[PDB]
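Take this structure, written in structure tokens, and hold onto it; I'll ask about it next.
Order of writing sets the chain letters: A, B, C, D, E and F. Residues in each chain are counted from 1.
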Amino acid sequence: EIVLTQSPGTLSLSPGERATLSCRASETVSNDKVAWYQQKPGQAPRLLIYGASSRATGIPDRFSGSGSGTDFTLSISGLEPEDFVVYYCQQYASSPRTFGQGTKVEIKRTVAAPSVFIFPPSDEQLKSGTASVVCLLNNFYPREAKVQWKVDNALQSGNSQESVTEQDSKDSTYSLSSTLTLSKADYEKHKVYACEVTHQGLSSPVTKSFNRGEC
Amino acid sequence: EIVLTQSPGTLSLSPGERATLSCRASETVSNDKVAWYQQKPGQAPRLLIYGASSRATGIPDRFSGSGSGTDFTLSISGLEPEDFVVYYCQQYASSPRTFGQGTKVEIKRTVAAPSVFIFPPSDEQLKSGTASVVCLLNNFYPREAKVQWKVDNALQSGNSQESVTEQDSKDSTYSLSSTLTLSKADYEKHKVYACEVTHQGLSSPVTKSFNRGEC
Amino acid sequence: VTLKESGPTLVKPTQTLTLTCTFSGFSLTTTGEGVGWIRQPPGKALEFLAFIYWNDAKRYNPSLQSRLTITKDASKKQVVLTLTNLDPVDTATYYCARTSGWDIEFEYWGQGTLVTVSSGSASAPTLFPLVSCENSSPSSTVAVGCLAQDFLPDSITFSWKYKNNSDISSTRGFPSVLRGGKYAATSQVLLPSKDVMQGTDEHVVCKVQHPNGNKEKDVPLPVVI
Amino acid sequence: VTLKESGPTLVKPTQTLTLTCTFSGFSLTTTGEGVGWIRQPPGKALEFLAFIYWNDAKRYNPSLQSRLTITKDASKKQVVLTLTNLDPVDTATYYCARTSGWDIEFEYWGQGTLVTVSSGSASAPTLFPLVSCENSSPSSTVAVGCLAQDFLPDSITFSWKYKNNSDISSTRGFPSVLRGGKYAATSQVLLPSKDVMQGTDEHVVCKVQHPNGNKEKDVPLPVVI
Amino acid sequence: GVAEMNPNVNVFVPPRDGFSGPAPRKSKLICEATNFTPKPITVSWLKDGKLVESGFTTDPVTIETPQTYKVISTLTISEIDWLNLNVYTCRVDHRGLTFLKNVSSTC
Amino acid sequence: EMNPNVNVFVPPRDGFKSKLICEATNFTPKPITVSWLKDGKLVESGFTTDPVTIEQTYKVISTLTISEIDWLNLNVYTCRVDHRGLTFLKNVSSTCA
């Protein structure tokens, strides 16, 4: 049983700089039998370098793999725009094989101001007995953001999800979706529904509130 | 006779990165007797490292000096904001001593859009028999810029100077002054006076023209 | 060298799951060749399940010991993977690759199939209108969303159209999220306010496609002006 | 260990230049100690002129051979530097330092003095108005300049004041430039377009200070409104 | 940072049927000036020698060879005060000059 | 949706080419069409339309170039305003006539 941890979990790079990826192992590996893989979000994974010594067929020479023992650094020169994917390191000398966590890279973009648009539920959804309030944010950077709900001066937790999209090809931004689900009985007792956004580019949190049945 | 050339003549750095300075020599130096000096634009120069081996008294340990023969690289870690000055390398093993050119560093700032304002000469200056037209630019980056005069579809050269200021402490910009001097007889024959500015951040040259005695 | 995966996509937890890793172009007669199974949950990393070598020698993961079975076959050129004691939290896309040599591991990957482990059946997606309340400062643009809930699996692509049978560049689309066993999707569009206060279109349609029912429902536009 | 330089600041070309590098706190009795001369034109790098060692041993620059003389003195604790055959293009600020050991060279620098080599005399700075002409696009901010010509040396600090005896943040200041022997300077100031159109001031003053005459002249301010 | 002109005072008054709304009816008064540069005019309303300090809204000066400008003002009045033959004067201050325009409803 | 308040101003009795202003404040939505007439006949040129401002309500005004001779001869200048399909008319004349 060998546990592989790849730190840090994310890193911002540039189109034409060096991207160093670490692969920490719990123990040593015999004969340095550690391999790297490349997986695209939507396609099948592929093998780049086997054994961290020699490259495979169909892999450009710009991928360099070195390191031995418990340290394996994957240095890449000339990061192409079509290489912003998540890489993994896998070893096959543990009987059986184990995988790691993975590192996600992105394009270093300037910090912008997200535009939050909260959509109150319609009257047709309330007929089924379930209500949901969404908190959609667009054009923000980086992915790290805090979304909190403040209804009747109370913080709700344990019943809200956080789903974010991938990086845009033409905008290099992200878009998260925060839906606050609740019951029909719990929706007719409160008055104001809003979500708080804490962004690095904003010096003060912006709250978008509305009125129950008055908009 | 040893000629010392420091290339490149300028380089853009960041507050907290590594700044590498080169010192090319025509021939070898005996016992590596090459020293570095720090001079501030307005104060007296000071000696940082003597002989490129040991540091002097009152110099922080963040200054590292290595290299031998015809190569001397001055690596500095943690570039403080109060260190954006011009450095020089001087050797004292040539009988007599010689100096170099020097390298000027600056803060890497985003390219802005300068606004050129041309000031036509007043009527009091024309009474003395001499006229001067200035071409002032503000908030432009980098220092490299082209200023040309186009009067009556003719380019004037060999009679205009170019003087630029230093880097601002709060703005990190520059300001140049291009004065076009001429005689009284050469000012009453032309009609339109303007200067052409070619900036990296501008997609088209902007010309500010006026009328003789109609403004 | 190519591989292809096939099998059921909608299965019930705690029953029987079977997948086939069909391959053609090679045989398991040499040494250092084996086929494994790798799965990845939608939001997690790759996970190892089992691996089988040649000469009738297979290994199993100690974490999932005595829970998986490997049955190879030299006649149909495929391996049958039987998965018992299913768990909805173990929903992941399984993959299989072929190894050529001791040093080279998992070189020729396959395609993979999406298998959803849930107690619910295939139900038509339910669309609900989303009224936009943009008061005070309308900023620059006003957006309108089309809520999608109670759909299985996640095979719905949003498509916004105008009232006069035109095309709207959606581009922005959020993925689905597990909602008590089912999935919920949300998608909006950045419509300029100039075309809303001037045009006579009071509502837009939300047309989506799904292999379990083509449901559609227009959404109202309260506008701001 | 401190050093101080003194001497004339306005000299004529092709005559006689004399500077004194006054020092106090050490003596030239040990070995490896010497005082040199370093000059830097306003726009160029450091230039070596001469150096003198102990035990009555001095060297000269081959580029300026048979043109400089070094005369030390152990009584006045100063070195006299005589510069013959002056040249206006050789105008630079001279410096002198003290060396402590063979490895350490030019450790304790002095202060330095500005010596201008020009045929002209000390004349009062002639100020001329600079009327701004910004047509077509008003843009956002408009600046006003104050021309300064025929002044020697460059020891003028510009200052802008309102009509009601107030203070204006000039900040921006351009250095002087050689104009046929003399110097010419220009200074502008960024004035907001809101304060100019609000006040009733019709002109502003350009007050400068110079040790050869305090001259001032107001420039026209036609205002915008 | 050379055209000096004088403003032209133009005062608009409601017609005999320009009053509407619940009793008492109210109307508006507009004092505009065009073809003048610069624009130091400050909007001031005088009602029979009394300075009006409430009920007026000074709109920002817009933009219409000298550069001319135009300023539009609005003052809220009452029908009762209009029936008492009250003279309204639009005070204009242009470079210290005082411009007056006395208007009424007398035929 | 509210009906705009059409108000047409007239030149003073004691003299002043004057201008006609047809205010339509307190109206919704923002789009609005304002035209001018002359004795029941369409007007081709001779008038402008100022940009709509913000006083949520807005403010729209129109300027018509007239003459003193053509104003004191019993001429009606109706300010036709079409708002949400409703045509608003306001006939004005000389007060002292």
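Quick note on the criterion: contacts are C-beta pairs under 8 Å (C-beta built on N, C-alpha and C of every residue); 3 or more make two chains touch, one makes a residue touch a chain.
**Student:** For everything except chain D, show me which chains still form connected clusters by touching.
**Tutor:** Components, chain D removed in thought: A, C, E, F | B.
**Student:** Given the two chain pairs A-C and E-F, which is bridged by the higher number of C-beta pairs in contact?
**Tutor:** Looking at A-C and E-F side by side, A-C shows more C-beta contacts.
**Student:** Once you find the CA centre of chain D and the CA centre of chain E, what distance in Å lies between them?
**Tutor:** Taking the average C-alpha coordinate of chain D and of chain E, the gap between them is 61 Å.
**Student:** What is the distance in Å between the mean C-alpha positions of chain C and chain F?
**Tutor:** Result: the chain centres lie 63 Å from each other.
**Student:** Can you work out the whole-Å distance between the CA centroids of chain B and chain D?
**Tutor:** Whole-Å distance between the two chain centres: 17.
**Student:** In chain A, what residues contact two or more other chains?
**Tutor:** Residues of chain A never touch two or more of the other chains.
**Student:** Tell me, which residues of chain D touch at least two other chains?
**Tutor:** 132, 134, 142
**Student:** Among line, ring, star, complete and other, which one matches the pattern of chain touches?
**Tutor:** Topology of touching chains reads as a line.
**Student:** Which chain pairs here would you call touching?
**Tutor:** Chains touch in the following pairs: A-C, B-D, C-F, D-E, E-F.
**Student:** Under the stated contact criterion, what part of chain B meets chain D in this complex?
**Tutor:** Chain B residues touching chain D: 1, 33, 35, 37, 39, 44-47, 50-51, 53-54, 56, 88, 90, 92, 95-102, 115, 117-122, 124-125, 132, 134, 136, 138, 161, 163, 165, 175, 177, 179, 181, 208, 210, 215.
**Student:** In the complex formed with chain B, which residues of chain D make contact?
**Tutor:** Where chain D meets chain B, its residues are 36, 38, 45-48, 50-51, 59-62, 95, 103-107, 109-112, 128-135, 139, 141-143, 145, 147, 149, 172-177, 179, 184, 186, 188, 190.
**Student:** What residues on chain E touch chain F, complex-wise?
**Tutor:** Within the complex, chain E touches chain F at residues 10-18, 20, 27-28, 30, 32, 59, 62, 72, 103-107.
**Student:** Where on chain F does chain C make contact in their complex?
**Tutor:** Per the touch definition, chain F meets chain C at residues 28-31.
**Student:** Can you name the residues of chain D that touch chain E in the complex?
**Tutor:** Spelled out, the residues of chain D in touch with chain E are 132, 134, 142, 144, 191, 196, 221-225.
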